[PDB]
Each structure stands twice: as C-alpha cells, then as structure tokens.
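Some notes on the structure that comes next.
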Amino acid sequence: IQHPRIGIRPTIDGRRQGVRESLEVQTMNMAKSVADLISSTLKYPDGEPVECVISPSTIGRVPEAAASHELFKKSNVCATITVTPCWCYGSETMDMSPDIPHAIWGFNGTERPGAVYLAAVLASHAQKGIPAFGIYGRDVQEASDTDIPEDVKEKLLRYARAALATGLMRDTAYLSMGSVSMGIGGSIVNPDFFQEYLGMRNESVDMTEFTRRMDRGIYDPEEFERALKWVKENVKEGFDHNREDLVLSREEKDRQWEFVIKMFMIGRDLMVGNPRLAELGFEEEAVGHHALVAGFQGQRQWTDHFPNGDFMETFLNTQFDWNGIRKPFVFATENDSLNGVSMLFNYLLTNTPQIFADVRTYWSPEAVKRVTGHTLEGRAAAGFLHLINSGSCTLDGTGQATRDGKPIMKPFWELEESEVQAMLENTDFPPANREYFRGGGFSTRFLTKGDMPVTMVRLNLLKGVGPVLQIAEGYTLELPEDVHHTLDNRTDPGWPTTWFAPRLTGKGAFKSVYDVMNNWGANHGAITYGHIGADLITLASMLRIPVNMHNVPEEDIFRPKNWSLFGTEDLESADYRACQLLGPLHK
Amino acid sequence: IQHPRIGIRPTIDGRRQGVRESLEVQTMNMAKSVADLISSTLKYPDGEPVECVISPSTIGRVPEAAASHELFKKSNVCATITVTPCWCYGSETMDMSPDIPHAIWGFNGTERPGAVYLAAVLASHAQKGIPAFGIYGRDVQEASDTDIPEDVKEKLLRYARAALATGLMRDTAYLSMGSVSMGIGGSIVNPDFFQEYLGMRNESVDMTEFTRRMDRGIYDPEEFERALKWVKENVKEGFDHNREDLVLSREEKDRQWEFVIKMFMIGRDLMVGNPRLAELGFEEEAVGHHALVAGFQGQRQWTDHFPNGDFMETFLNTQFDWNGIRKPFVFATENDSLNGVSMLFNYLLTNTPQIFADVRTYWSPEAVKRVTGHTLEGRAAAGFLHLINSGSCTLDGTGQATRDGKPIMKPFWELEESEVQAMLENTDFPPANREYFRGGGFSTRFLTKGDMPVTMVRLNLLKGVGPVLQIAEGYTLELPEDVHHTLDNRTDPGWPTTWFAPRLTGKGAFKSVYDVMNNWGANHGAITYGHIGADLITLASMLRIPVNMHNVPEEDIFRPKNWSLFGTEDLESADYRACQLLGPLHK
Amino acid sequence: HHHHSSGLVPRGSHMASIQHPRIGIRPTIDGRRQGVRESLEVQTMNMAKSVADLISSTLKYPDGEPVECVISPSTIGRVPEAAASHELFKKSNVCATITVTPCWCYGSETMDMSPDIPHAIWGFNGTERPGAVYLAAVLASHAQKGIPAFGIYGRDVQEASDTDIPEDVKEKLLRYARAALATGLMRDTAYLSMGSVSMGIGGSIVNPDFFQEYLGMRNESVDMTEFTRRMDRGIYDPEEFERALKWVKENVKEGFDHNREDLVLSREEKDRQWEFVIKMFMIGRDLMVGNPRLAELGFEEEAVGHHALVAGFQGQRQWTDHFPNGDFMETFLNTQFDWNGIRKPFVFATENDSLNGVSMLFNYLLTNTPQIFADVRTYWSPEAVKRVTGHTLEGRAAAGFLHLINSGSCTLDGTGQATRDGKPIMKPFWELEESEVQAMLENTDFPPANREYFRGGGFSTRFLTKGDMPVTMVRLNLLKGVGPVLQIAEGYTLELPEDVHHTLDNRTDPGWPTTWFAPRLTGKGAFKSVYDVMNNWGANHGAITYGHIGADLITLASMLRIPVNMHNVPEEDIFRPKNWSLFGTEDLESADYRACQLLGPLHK
Ligand SMILES: C[C@@H]1O[C@@H](O)[C@@H](O)[C@H](O)[C@@H]1O
Ligand SMILES: C[C@@H]1O[C@@H](O)[C@@H](O)[C@H](O)[C@@H]1O
Ligand SMILES: C[C@@H]1O[C@@H](O)[C@@H](O)[C@H](O)[C@@H]1O
Ligand SMILES: C[C@H](O)[C@@H](O)[C@@H](O)C(=O)CO
Ligand SMILES: C[C@H](O)[C@@H](O)[C@@H](O)C(=O)CO
Ligand SMILES: C[C@H](O)[C@@H](O)[C@@H](O)C(=O)CO
Ligand SMILES: [Mn+2]
Ligand SMILES: [Mn+2]
Ligand SMILES: [Mn+2]
C-alpha cells in the first residue's frame, strides 16, 4: 500500500505593490485548512493519516505553477486541489496534469472575486479537456472566516476520498489464480480495462502453483503450526449436509483443514509476498505479485479435485486471522475480476472489508406470503434480495461490529476484541457440498445482522463502450426467525446469507425491488457497509466510467464541472457522453 | 451591417387543367402575408425594415425550384420559408441549400392537403440531412382565411429573428485588441469556432496600435474636441476610492479623460473604419477591421501602464455619445470573445444593447439575513446573483428607458432624449482602482433598475464537442436601499451593479438560484433585456450549438423538425445528438 | 528562493532554466533462481551500466551538463521489481525508458506501463540466452497493449562477456536518447507569444491544443504594450543596459542605409533607436526566462518571467509601424553570445510564428545548436540563374537552389563562421572559441531597417551563410482535422560565385541575411527536383539547423505521434517504435499516418 498525496495549490492574484501581499496569508490559510481537513479526517487502507503537499509558494504567475508542478511530480501526488480567495489568472495558474483529478475551491467572499476565478479557471479546464471539480459554498463568508463550511467540506472530502481511491489503484496489479471460472464473464479477464481505466497491471498464476508450493514446502511452517492451533480453537466446523456416501471421514476432513489453511497462506503470499519465504530459501516466490486485489478461479478444475477456495476467500476478505487484526486482501471468488474491482472501489472509499455475493433470489411479498405465511413489514415490506456467495464471505459481513448499538463493518484498526470474537462465534464452517465440489473444503455460514445500511455495487463490461457502474443503496434485513429458516433451507443453508432491500425511488430501475434485480448486470455484487453511492458516482466520473444505474439522490451527484457542459437535464446521458468523449485516463 | 433577406418560396401542385390555376392566388397570398408579416414586424440592427424576396413564380416542378434558387443566390438570402396550401411534390420543390435555415409553413386547411406536403417535404429534409423547421397551426382554417393565426406568427417570427441573426453574423469579423487577458478561457480566441459555426473571420490587433494612433494623430481631432466638450458637460466623475498615495492629481485625471476618449474613438475606428481617417491621410487605417463584434484585452499589460478600457467598453456598448443616439458596437471586456458572441446572439435577436458582467456572488437568503438583517421577499425571495463587470457596462444597462412605466433596454431608434439624459444622470464614473489598474482610467457606476425581465447568456467551448449555450431567464431586482449599500460597499462599489434572480423550474440546474450559478460555465454572462430564451434555443439549433442549460419552458422550444427524429422524450440528448451529427454549418 | 512576503523570486542567475530529464534504464532478467538468475545478474546489470555510460558520456543538456541516467533499484525479474522501478522513475524525473537484457524475461510482468513517455528495449544478440526473444516478445506486448516501444537489435551475434555496445546498437540507442530527451525537455515548459497574430500568418495564429496535446506545453502571452510599459517604467536592468550599449557600440557594425531618401533617419534618431532595440532585447529575454535583477530593482512580479523555452515577437504590423522592429532582439536571442558572455540561445520566432518556433526548438533540442529562422523566399532554377547572371551552376547548386532569408533577423551563429576540421558549422555554445564569436560579428553588419515596411525603424541583420555546410530545413504545419505534420529537407548551404551572389542578393533584399540552400534530391516523392521541394513546402517559413538531423527528427516525431508528410532521409535510417510496422512495412508514410492517427497525441 503506497501513500498517494493530495496536492494543495494556493493560487493568488499576481499583482503586487498592494494586492498580492495583502492576500498571501488568507490564501495560504485556505491551503492549510484543506491539508488539515484531509489529514485529520482521512486515512490510508493501512490506517496512517492521508498526506498532503502544498505548492512551494502561492501561484500568481506561470513559473510558480511550474515549480508547483515540479514539486508534485516527485511527491507522488494523485490529485490536486486549488484554493483561492481572490481572482488569479487561469491558464497561467491552472494544473495541466491530464492523468489525475483536480478540484478548485473558490472562497465565496465578496471582497475579492474568488468565485470568479473558480468559474473562469474551470472554463479553461473544460475548453482544454482537463476535467476539474468546482467547489463553491452556498453562503457568503467573511474575509477572515477561517472555517470550511459544511457544504464545502462535504465536497472536499468526497473529492479527496474518490481521488485517493484512484491514487491507490494506480500501478498495482490484479492477480488471477486460474483464469476463467465456469464461463463467468467477469472471470474472462480484460487487461485493457485495468490498464486503460485503473492504471493497473495484470498478473496471472495457474492454480498448479498452489499444489507446487504445497508439495515443495513453499510456505511458512512455523506459521502453519500457529494457524492450525488457532483454527482449532477459533473456527467451528458446521453441520455436514452431505449425502451418506459423500460424507468425508473425520481423518479426511482434518487433512482438509490443514490444506485450506495452507491455501489461505499461499494466496496471501502470492498477492503480497512474504519475507519469510526468502528466509526459507524461496527467494523468488517471496516477492509476490504486487496485487492490491486478486481472485481464485476455483471451479471447475481445482474444486473438482482439491478442497475449495472458501476458507481462503473468506479469510483473505476478513480483517483477522492467527496473526491478528489486519487489512483485508480484496479477493474475488471464481476469479470474478469485475466483482473484485467492484469490491475494490468500495474498499478504497471506506477502508472497510467487502462482501462478495451472488444475487440469488428476488423474494416478492406475494412469494414470501405463499411460502411462509408471513406478510413483510418495515424495510422488507416491498420485497427483498437473497445475497449469498457460493461458499465464502468476509467474516466482518456478519455485522457483529457495533457503533451506537447498530451493526457495521469497521476499518480494521477500529475493531474490538469482543467484536472479532462475536464474528467467530456467529459463524460456523459447514463441509463443502461435495456434489458441487468433489474436492471438499469448508464453506462459511452466517447471517448478516439486519437493519445495516449498505451499498451493493457492480462493474460491468459493455462491449464497445467499456466498464459501466451500477450502484444500489439499501439496508440489510432481519426477517422473522421462522421466515429466515424456511427461505434458507430451501436455498443453500450451507452458505452465508444477507437479506438486502434496496432503497426505491420511483425513478429508473428503482421503481420496485424486482426492477433492481432485473436490471442487475451480473450474478455478482460487491456489498459494503455504508451508503457510499455519491462517493462511487464521483470516483466513476474520475475514471470516466459511466454510471448506468444508481439510486443516489441527484443533489449529491458530484462530478467534474465540465460534465454540465454535456447537459444539465439528462444527467445520465450527459454522463455517457462525457465518458465516451474523454475516454479512460490511460488510453 | 448588411441586409440578409428571407426567401419566401410558394410551392404549389404542379397539375394544371384545373388544380394549379385554382391555387395560384391562395398560394401566392400565403407568400405575401409572410413577406409582410416579417417586413412590417422586424428590423435590422440599423432600424431599416427586414427585406424578403419571393420566388419568381410558384413552385410546382423542379425548374421553378431552380429559378427560385437562381434568384435567391444573387439576392443575399440567409434563410428560406416555403408556404403552401396544397400538396406539392417534395424533393422536386424543396430548397437544397445546406448552409442556411429553412422553414415550411403548411396551411392547415382541409380542401387540399397542405399539412400533408408539410410533413412529406420535411421527411425529405430529414432523410437528406438538410434541417428544416415545420410550422403547422393548431386550428383548421377556412380556405379563404387570409390571417396568419397566432401560433403560426409566433413560429414564423421566432424563426425569422433567429435566421436573421445567422444572416447578420455571416462573413463578419471578430476583432481582438490584444489577445489573452489574464488566462481567461474565452480570451484564448478560437478561430475554428467563428469560422465553422458563425461563418465569421478573425481579425487581430496588438494594443500597441492604440498607442501608435495616439502618438501619430490617427483619429479625428475635430471629433476629439467635440467629444471633450460633450464629456465634460455630460459625464460625472465619481467618488475616488483610491488610497492616499495612489490618488491621482486633478491634472493627471484630466489628461486621462482625454486619453480614454481617444481610446473610445480608436476602438470604434478599428471596428468599423472611418472615412474621416482617409480625409486626414490615413487611407489604410480608414477601412477598419469589418468587426460586428470586438474585444479589448486590457489587463494585464495595457492596464498596468495606460488608462483602462472601461470608458471605451462602456460607450462602445452604449447607444449614444457626442455624435448622437446610435447602434451599439458589441464589445467584450478582457477580449472575452465567447462573452462577445453571447452578447452578439442577444443583440441580433433583439436589436438591443447588451450587458457584459462578471457573475460575482451568489447571495443566499441565509447570507443576506446574516449580513444585513433583511429577509428577502418577492423575486429576491430565493436568493440572487450579483452581476457586476470589472469596470464597464452599457449605459442602457441602467434600465432608465421606460415602456408602460417599466424599465427596458430599447433599440436605439426608440430611445427618447429624456431617457438618454436619465442614463447619464444615474451614472457616474469613479476613477479606476489603481491597485488593479496602475494606469488609471475611470470605471462606470450605476445600479440597474429592478423588476426588469432579462435573459443571461453564455457560450462555452467544450473540448472535442465545440460551443455549448447556456440560457437563464429572470428579472433584475431592486433591494432595500440599506441592503444594496451593504452588499455593494462590501464588493466593488466602484463598478456597475445588476441584481439578478433567475426563474427557477425544479428541473435541471434550475432547482435553486445556487444551482444556476454553480452550473454557470464562465465568470462572464451576457445579459439582455427581454425574455429571449426560446429565440436563443432556435438560433442555437440553426447553428447546431447544443443548449446545455436553460429554463425556457419545453412547449416554446422550437427546433428544426428533424431534431425530433433524434428523440422526443429526452430533448437535451436529442439536441446533443443532432448537433453532434450535423456538425457546424461551415465544417 | 522565497520572497519576504509572497511567494517566489529567481534563485537564481535566471528563473526558468533548462530541465534535466533522465533516461530510466531497466535491466530485466529471468526470474528463475536455483542458478540461472544469479548467473545473469552481472552481465545484465553491465548492459544497463554501459548504456548509462554511453548516454551520460556522449550527450549533453542544452546547458552543457552531461545527461543524467537512472537505473532500476534492482534487476527486473518479476512484477514487484518492475513496480519498485516505476516507483523510482516516477520521482526521478524520467522522460524515457530503456530496457536492457541478455536473457529471456517474462514480458508483461517485466514491462514498463508508462503511456506518456518513450520506451526502447535492447536485446543482446547472443546465442546463450533468448535476449532477442524477450525483445520480440515484450515488443509484441507493447503493440498489443498500445504502449509504443522502440526495438534495438544488433546485426551481429555477440559473445556473452563482450561488453562493448556494437556500433549499430549505439546508433539506435543515441538516436532514441536524443529524441527522447527533446520530448522530456519541452514538456511542462511554455511558449510565450509577444503580441499574437502577425500579418494573418498561419503559425502566428497560436494553437494551444497543439502545444498542450502534443508537446505537453503551456501557452503564455503578453501584448507588446508590455515592452513600452517596461521601457517607460525602467523595468529592466540599467547597469546591464550601460554595459550592453558600450559593447554594442564596440562590436556591432551598423550597415549601409538603403532607405528611400526622405525616409533616412538622422544620426541622432538612429542612436536612440539603437538604445531602444538593446532594451527590447533585454526585455524579451527577461520576459522569457525572468531576471533576479528585476526583483532587486523592485519588480518582483516581472522578475519571474514566463517559463518560456521558446517564444515569438509579433512585430508587424502595429508595433513595427511605430517603434523600432524586433530584428536586433530576434537576432541576439537566437545568437549564442551578447554583452553578458557566450551563452545558450533563447529559441525565438520572428512574426510570432509559433510553428516555426516549435520547428526551431525540435532542432535546438536534438542538437544543442542555435537555429536559423528564414523566409523560403525564392526558388532559383538553373535556367533563371543562367538568364539572370550568365552563370551555369555546378556542384551542389547544379539543380537549382532556394533562397533562405528572414525578413530582418537571424542567428549570428548562422554566418557559419565557427569551424571544425576546416569546415563551417554551428556549435553548441560551450564549444565556441573567441575567434569564432569574433568572426561572426566581423562578417555581419546591421543595416537601418527599411522604413517603407518598418516606419518605426530599427536595424536588420546582414550576413552570408558560408557555403558547403550540411544543414536540415524543418517545418511543422497544422492540418485541420489531423493535427501537426512535419516536413524535413536535408541539404547544404551553397557558395555561389561572388558575382552571382551579389546579382541575386541585390534583386531581393540585400538588407537581410542569406543562406543559399540546396536540398538533397532523391528521385522519391517531393524530392524529384529542387522546385518540387519548394512547391511542397507548407509555409513561408523554415527552421534550418546545422547538420543532417532528419533521422533524429523522424524518431522525435514518431514519439510525439506527429506524422512526417515529407522527408528526404534514407529509408534504412527511419527509426520508429516497433509497432509502427504492424501498421505496414511497404507504405511507411501511410503506416505512419495510420499510427499517429490511432495513437494520437501523448497528452489528449
Ligand atoms: C480471535 C482472534 O485471534 C487472533 O487473530 C488474535 O490475535 C485476535 O486479536 C483475535 O483474538
Ligand atoms: C446627452 C446626449 O448627447 C448627445 O448624444 C446628443 O446628440 C444626444 O441626443 C443626447 O442629448
Ligand atoms: C564580443 C565579445 O565576444 C567574446 O569576447 C565574448 O566572450 C564576450 O562576452 C563578448 O560577447
Ligand atoms: C455451487 C454452484 O454450482 C456454483 O458453482 C455456481 O452456482 C456459483 O457459485 C454461481 O456463480
Ligand atoms: C479587477 C480584477 O482584478 C479583474 O482583473 C478581474 O477580477 C476581472 O475583472 C474578472 O474577470
Ligand atoms: C517585409 C514583408 O512584410 C515581410 O515581413 C514578409 O515577406 C514576411 O516576413 C513573410 O513572413
Ligand atoms: Mn457465484
Ligand atoms: Mn471579468
Ligand atoms: Mn517572414
């Protein structure tokens, strides 16, 4: 995990003998306010505070712009924010970097035309096709007012979180383990997508590597022993649903517990390397694949023979193991790289682990009544979705973490001992259903606490357009206990469950919960704690991915200012137009 | 100012031995009705009545179409209107000129298929990609009914005014004086825009020319003397806000009054020439630059040394000076050529002078209450915009002209003596603020009467798309006198002020007055008397400039009939599509 | 360094200066370790080391400094080493990449993904390991992923443990480096228009999209009133001025006055105009690069300049109609010395012909030699020469020639008075001897401007470029809907017989400077005849450099995805990214247009 910085660029009126000198402090202050707001509010996936850099001076004329540019280049700046309380020149003071986002915050004061620079400099951005965000506060502020108003903070932080996400993906890899899984689209990996849109590389390992490392001892054995121990004490084997002649013996299941632990270790070591492997004389294997995100093909070839990926998938995505509480490793079942990236967007925006799930069933109220007798009320009133992965899910997905007595998924550094324990307690691990996975393994079974605000997310590849994003904000549901159990046993009671109801709007594909599912573009979703729809819209716009479907309210949509020039009425079409024309960042 | 004509083309059923002869008069009459409606209702910027030409005969077969075409070519026709009460052939009778607008008015009668030609001939236009407007009245009329119904007149006149505007720009120049002003986008002049969209040329003069003409006596000295005299008697020097050591002596200010007068003269002579200059033996300079519109870079290089452009800018845009009441010369501060064209659209559509202004502040109700104590009511109820140029503004912008006891900006030929006097009385000219303009000059200070209906307009260049138009209909505001003075002194009390509130619609960027400002694409606006939004939409469509933002009601949107084929539901997207595909007129 | 109040003032010596873009050198290696990788480490890192030595010991920045190279933190075997590398280059100001290897490496795992900079790959032509094999493989990935890369592959199999770079490889590495560096040097700098459009000249209608999209460059502009403001307000170094005036009096011979009788200026006026043009120089120079002395004299805003690597003075019409012209200014900006000493030139366009300026800059940055700005004035056919002079042309002039002669100004370096091995050349400033500076000054005078064209006055530059010097005439033109296209014509300056020279000169504009130019004809395309070459020249201006740099420009242009519409470079010298050949191998021109078309400018 690198530390992309935000460059704060304080532009000023270049005229001296009065004007410039009188604005120096006020201008430099706006920069500091912003550096501070970011560095005290946002954190990298590793929990360290975000870092900003200010331009070496205020920017009144081009050479100051150049020096600012000089400094940012060697400072690993992934986005810029310009701030000004006055009029400044524009093409003379603007950042020209075409490969990063930019925001301009123009102080809404009267003494000095701050808003006038803002709009002028953004005209130049639109005219020169360098997308920039415009941040203009609602209320005239006093020339001395030191505060960042609330509307401005919201825009600054949305921007910064979105920008940071682009900053963190850049130059990292997606690691495929295997390749295509059962003809699943997102598992037919498209490097052009990663390269053009995300600035990302593609790495690739045949699953035989897993076997190789196992046969040849290419993993930490002190670590294996500590892990076996930890797993026995912490991980409860669940009910075996397997038919008589497929039920594995206790010996065989025990051997498989060892195996799937080894799998988890190897996956980790693949993604990020492991110094320990150099100590054991596997100097090459030790470096890893530089993967911020990976996936495991699994079915059919691997899972037909060897224990499945559930354990590995589950724990890679979970914020702890025998080594302690930690960042997750964003990881995709069935090597669904599109779902992986969907999860990755969510993760970089929140610093929270991410649920991978099949969108399994839509339950209409009529069908629940028929099958269960129960009439749905509250959030489930309008029907809902059975989100359930084919074996694995982040343990944080239980929703056992708590804030203000409500369920959440937390960044790892905020997790309490008791919370980790609760996730463990409320999960068991049923043997793999051997008709689907002759090779065995152990799935992950739990039920996500209800009444938890979440966003469900999917990237899809549309031929001849590229990626499109769909967003669905909603809430998890708790159902009556009898209702849950009827719908569970009828579906896959061996796998983890989340009951999801999306917020309806009466607009678009959100007229009804059916319409949502009927417009979902894959069998998979990434599900995050939090209502992060607006954040995703912004990120999408930074990366020029059109948003085909969302239920974020129009007022929170925050896009580079030049999107408006493609239209203000038909935001969706304006969006496709802008993305179409600008194309990906790294064409 | 040339006199573009409208070609009226009366098409008829070619079948004789009865049918044709029986329709001759009725058809020829429709033409005359239309020629008359236009020539008695519309006027050129010089006040002369618009001129029409009818085809040399009715058009029943191609050779009549050809003769019509022959005649129009040598008749300086800038748009056509076909009129018919009957069925006619279509591809046989249609105008093929691809570089001008066309309208078809099909009489809504029953005896004879007039509406049937209308729709057929427009199909051909759409099929052959020659955009045409369709003008069809709501109510069946009697075969003898000689009247142009109201819905038809509205469409005919909207079309004609829009068409005439394209007619008047064509083959004229924009003159830059200087080039880029303080990195302002619209001042980085794009000749492709002028050439491709407006059929216009680009002329260019370094500001040194101004100095040259001054040192070398290249202006009318009899005119200078009459002007000095007139300015002393009519122009009141305003309060000097300059700090002690910058305040200029009375001698020095007097020298500067002479200078800025000379500036005004030279600008005029540059734009349009001056026979007087040939008499004084400056035969070359006398021809001018053929500019229908120009701009003056001003800052930073000129204004840092010499008296600023305010006076010149102000009077060029004002409908009188020491030589009497007259057409304005559309003229842009800071050489903002985009604002200049915005003003020019407005001007050719109305024959009224045009306010150039920075969109300075958005005043929310919360902020007014905080700063002033006052709670806004009436039109200002929902917040408003401080429109204020950095020194200059058409004196007609005072709003001292009156119709039915309401403030207006009038075409010059309608101005009364007392009205001109009132504009003068209610304006003074404060010395230039020398921290911004070391070189001095005198700004233009007044406050625009409130409760005046206006449209604010801006053209923006969107990279890889081209120009896009934004329209904002609203009203000027009168604020409580204490309220005005607080907001003024706090901003720039030395410059001219217009308080603007746009009409909100709940659609698009017009949900709130903030949203309007937040979606304004430049620091500048052109502001015209009148609600001319619908006229601008039409003109935009003629020139294939997409409209990105407007608050004109959907029912008044009047575009070539083939726009509907790009869609009837999503008018904005249909619009971008059509403009995208057709491209500019002179590609 | 920071102002006591707000914000920046020139460190300095000057404010904006010549950047030091690095070439990043990536040694890639086989990832396998139970013997193989270790066995190749040394030979691999040597390749890298020796390439960095080749570049740093041969090539210099415009300021005379050795070019800087950066090596990857390690040999590159798997992605994470590539990431460590990219991580280093991102903060080391790397303008281009060279991958070297003697062995097989894992293509897409090891490749550089930067889309905004050139990449070359050199595969050791050895037998022991698949070096070329990596070369072809990784180049295939570049073409598949649309990230252009150059392929350097030596003609003759080398022994493992030969550490000499073969001559043919050297040629390619240095052509690449030279071109790559020109890209890196232009990037993030600005073009400053002084004035804007001059007499309706195309390239003087400055096009920011070109600068931004193609060159990664900014556009600055001041109206020429800024000169008058500075002159009137003393915004220029007056101590400097006094030295300059004295040096000019001593070193600048005023030329014969050709003016119409009633337009001839008095000695008093001429002397005033002399002071004026010197201040114009100082001011134009100050505008471009800034001046610490301006800060000292209290003009802190001004002191900073316009970050201008290249600039232009509009002049005509409205300045030169009134004040002395910019000939003196344009001349000395492009000349490699003045009162302050021998010095890099400041690349500078007459008539604000920005495209000429960019053509000049291409040349400057490829060669470190100053640049001739010319009107391509007249094509002299042998028949017209015979008719007009009675002389039958021979040697390099035999097939006719072009009269190259700017409308007043030209680099004094373009006299061709500097010398190497008996031959006339133009040199980088740091190689110029005293004799040579002196020679130039002695072979140039400065005629009063022609007041029928320049009522304001001033002084033109007049000299004759020495014949028999290899030169390249260059021009970028803008094609609507395509973008920039580049035309190149290699040839020689000519020494005409003296009678022929004076007859032709005096019919033309003997007040201006002359280069007589013969382009190498090839029988191909527009180089069938000297006439054909002029008839296909796309502008009234050209940029002429010493040397034959056609191949270097071709490589440059491919890097910036600028097509070459016309060049006389031998086909075997054409050195473009490997993927250009996937666009075709017979029609190199069309392939080049398709490739530029598709890839587009670096920074769209
Ligand atoms: C149950 C979990 O086991 C290990 O991860 C411990 O290090 C954690 O802190 C937690 O107690
Ligand atoms: C005050 C104005 O002065 C001159 O323009 C007169 O010709 C006008 O008619 C008017 O009176
Ligand atoms: C005319 C003189 O020529 C050389 O002597 C230079 O070293 C001096 O600086 C001056 O340029
Ligand atoms: C268990 C199932 O057969 C799985 O193989 C498959 O349905 C999925 O997980 C859906 O992608
Ligand atoms: C007076 C100001 O400094 C002006 O130079 C500038 O703000 C404008 O007029 C805005 O375009
Ligand atoms: C004297 C003429 O006007 C010259 O200035 C003219 O031929 C040129 O320089 C063409 O660029
Ligand atoms: Mn699945
Ligand atoms: Mn302004
Ligand atoms: Mn010339």
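Ordering of the structure tokens sets the chain letters (A, B, ...); residue numbers start at 1 within each chain; ligands are numbered from 1 in the order shown.
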Report task. Can you pull out every residue within 8 Å of region 108-123 of chain A, counting only C-alpha atoms, but drop anything in the same chain fewer than 2 positions away, and send it as a ChimeraX atom specification? Result -> /A:84-91,94,104-106,125-127,132-134,136-143,561-562 /B:184-185,358-361,460-461,490-492,520-523
Query raised in the report: Quick one: which residues from chain C are at most 7 Å off chain A, using only C-alpha atoms, as number ranges by chain?
Result: C: 5-8, 16, 31, 33, 79-80, 90-92, 109, 115, 220, 301, 304, 306-307, 603
Requested in this report: Step by step, measure atom-to-atom distances between ligand 8 and each residue using only C-alpha atoms and all ligand atoms, keep those at most 7 Å, then write them as number ranges by chain.
Outcome: B: 334, 357-358, 389-390, 523-524
Requested in this report: All residues within 8 Å of ligand 6 are required, counting only C-alpha atoms and all ligand atoms; please report them as number ranges by chain.
Outcome: C: 199, 201, 316, 350-351, 375, 406-407, 453-454, 540-541
Query raised in the report: Contacts of residue 379 (chain A) at 12 Å or less, counting only C-alpha atoms, minus same-chain residues fewer than 3 places along, as a PyMOL selection string?
Result: chain A and resi 365+376+382-385+450-453+474-479+499-504+513
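With CA of residue 95 (chain B) on one side and CA of residue 539 (chain B) on the other, the separation reads 19.6 Å.
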Query raised in the report: Mind listing the residues within 12 Å of ligand 1, only C-alpha atoms and all ligand atoms counted, as a PyMOL selection string?
Result: chain A and resi 226-227+229-235+315+318-326+395+412-413+415-425
Keeping only C-alpha atoms, take the residues you just selected and write them out as a compact mmCIF listing (two decimals), in the first residue's frame.
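Saved the output as result-v5.txt:
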# COMPACT_ATOMS: atom_id res chain seq x y z
CA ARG A 226 0.36 -21.47 14.78
CA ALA A 227 -2.52 -21.39 12.31
CA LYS A 229 -3.72 -24.32 16.57
CA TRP A 230 -5.61 -21.03 16.12
CA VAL A 231 -8.16 -22.53 13.72
CA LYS A 232 -8.95 -25.45 16.02
CA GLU A 233 -9.55 -23.06 18.89
CA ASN A 234 -11.50 -20.42 16.92
CA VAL A 235 -13.15 -22.00 13.85
CA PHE A 315 -10.21 -15.07 5.46
CA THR A 318 -11.75 -10.91 6.72
CA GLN A 319 -9.89 -8.44 8.94
CA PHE A 320 -8.02 -11.00 11.14
CA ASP A 321 -6.52 -14.45 11.42
CA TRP A 322 -3.97 -16.28 13.54
CA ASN A 323 -1.64 -13.32 13.03
CA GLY A 324 -4.02 -10.69 14.45
CA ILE A 325 -6.39 -7.98 13.23
CA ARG A 326 -5.37 -6.57 9.81
CA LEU A 395 -16.40 -12.55 8.49
CA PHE A 412 -9.64 -2.93 10.94
CA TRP A 413 -7.93 -0.52 13.32
CA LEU A 415 -12.19 -3.43 15.55
CA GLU A 416 -12.57 -4.51 19.17
CA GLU A 417 -11.51 -7.95 20.50
CA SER A 418 -15.07 -8.74 21.57
CA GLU A 419 -16.26 -7.86 18.04
CA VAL A 420 -13.80 -10.17 16.38
CA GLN A 421 -14.84 -12.88 18.89
CA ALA A 422 -18.52 -12.26 18.05
CA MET A 423 -17.87 -12.74 14.34
CA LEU A 424 -16.21 -16.02 15.07
CA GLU A 425 -18.98 -17.12 17.44
Query raised in the report: Hey, what's within 7 Å of region 159-169 of chain A if we count only C-alpha atoms and toss same-chain stuff fewer than 6 positions away? As a list in words, please?
Result: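 Once the nearby chain positions are removed, what remains is residues 2, 4, 78, 79, 101, 198, 200, 345, 348, 349, 535, 538 and 539 of chain A.
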If you keep N, CA, C and O atoms, can you produce a file of those selected residues as a compact mmCIF listing (two decimals), in the first residue's frame?
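out-v6.txt was written with the following content:
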# COMPACT_ATOMS: atom_id res chain seq x y z
N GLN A 2 0.84 2.00 -1.12
CA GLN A 2 1.56 3.26 -1.18
C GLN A 2 0.71 4.38 -0.55
O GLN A 2 -0.43 4.16 -0.12
N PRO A 4 -0.55 7.76 -1.77
CA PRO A 4 -0.79 8.85 -2.71
C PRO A 4 -1.13 10.13 -1.95
O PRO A 4 -1.83 10.07 -0.96
N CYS A 78 -1.57 12.40 -6.39
CA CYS A 78 -2.54 11.64 -7.20
C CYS A 78 -3.77 12.48 -7.60
O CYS A 78 -4.63 12.02 -8.39
N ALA A 79 -3.86 13.69 -7.05
CA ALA A 79 -4.93 14.64 -7.37
C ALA A 79 -4.57 16.02 -6.84
O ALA A 79 -3.77 16.14 -5.94
N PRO A 101 -7.17 13.67 -11.05
CA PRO A 101 -8.27 14.61 -10.89
C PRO A 101 -7.77 15.99 -10.36
O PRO A 101 -6.63 16.11 -9.87
N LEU A 198 -7.81 1.89 -14.77
CA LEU A 198 -7.38 1.88 -13.38
C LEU A 198 -5.88 2.12 -13.25
O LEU A 198 -5.35 2.18 -12.14
N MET A 200 -3.77 -0.09 -13.94
CA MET A 200 -3.36 -1.32 -13.26
C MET A 200 -2.83 -2.41 -14.18
O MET A 200 -3.21 -2.52 -15.35
N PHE A 345 -13.30 -0.78 -5.39
CA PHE A 345 -13.80 0.60 -5.31
C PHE A 345 -14.31 0.88 -3.90
O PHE A 345 -13.83 1.81 -3.20
N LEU A 348 -11.49 0.98 -1.14
CA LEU A 348 -10.65 2.17 -1.12
C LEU A 348 -11.43 3.38 -0.71
O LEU A 348 -10.87 4.32 -0.20
N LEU A 349 -12.75 3.36 -0.88
CA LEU A 349 -13.58 4.52 -0.46
C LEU A 349 -13.94 4.57 1.02
O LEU A 349 -14.35 5.62 1.53
N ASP A 535 -20.12 8.75 -3.34
CA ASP A 535 -18.68 8.59 -3.43
C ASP A 535 -18.32 7.81 -4.69
O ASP A 535 -17.32 8.10 -5.35
N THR A 538 -18.80 9.89 -7.93
CA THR A 538 -17.64 10.76 -8.08
C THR A 538 -16.43 10.00 -8.61
O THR A 538 -15.87 10.42 -9.62
N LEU A 539 -16.04 8.91 -7.94
CA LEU A 539 -14.95 8.01 -8.40
C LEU A 539 -15.17 7.59 -9.85
O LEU A 539 -14.28 7.73 -10.69
Requested in this report: List the neighbours of residue 522 (chain C) out to 10 Å using only C-alpha atoms; skip same-chain residues closer than 6 positions along the sequence, and give me the result as a list in words.
Outcome: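 The filter keeps residues 528, 529, 568, 569 and 570 of chain C.
Ranking B:472, B:182, B:36, B:158 by their shortest atom-to-atom distance to residue 505 (chain B), with only C-alpha atoms included, puts B:472 first.
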Requested in this report: Dump the neighbourhood of ligand 4 as an NGL selection string: all residues within 12 Å, distances computed on only C-alpha atoms and all ligand atoms.
Outcome: :A and (180-187 or 297-304 or 308-310 or 332-336 or 339 or 356-360 or 387-392 or 432-438 or 443 or 491-492 or 494-495 or 522-525)
Query raised in the report: Within 6 Å of region 41-51 of chain B, counting only C-alpha atoms, which residues qualify if same-chain residues fewer than 2 places away don't, as a list in words?
Result: residues 5, 37, 38, 39 and 351 of chain B
Query raised in the report: Excluding same-chain residues fewer than 3 positions from residue 366 (chain A), what lies within 9 Å of it counting only C-alpha atoms, as number ranges by chain?
Result: A: 363, 369-371, 375, 383
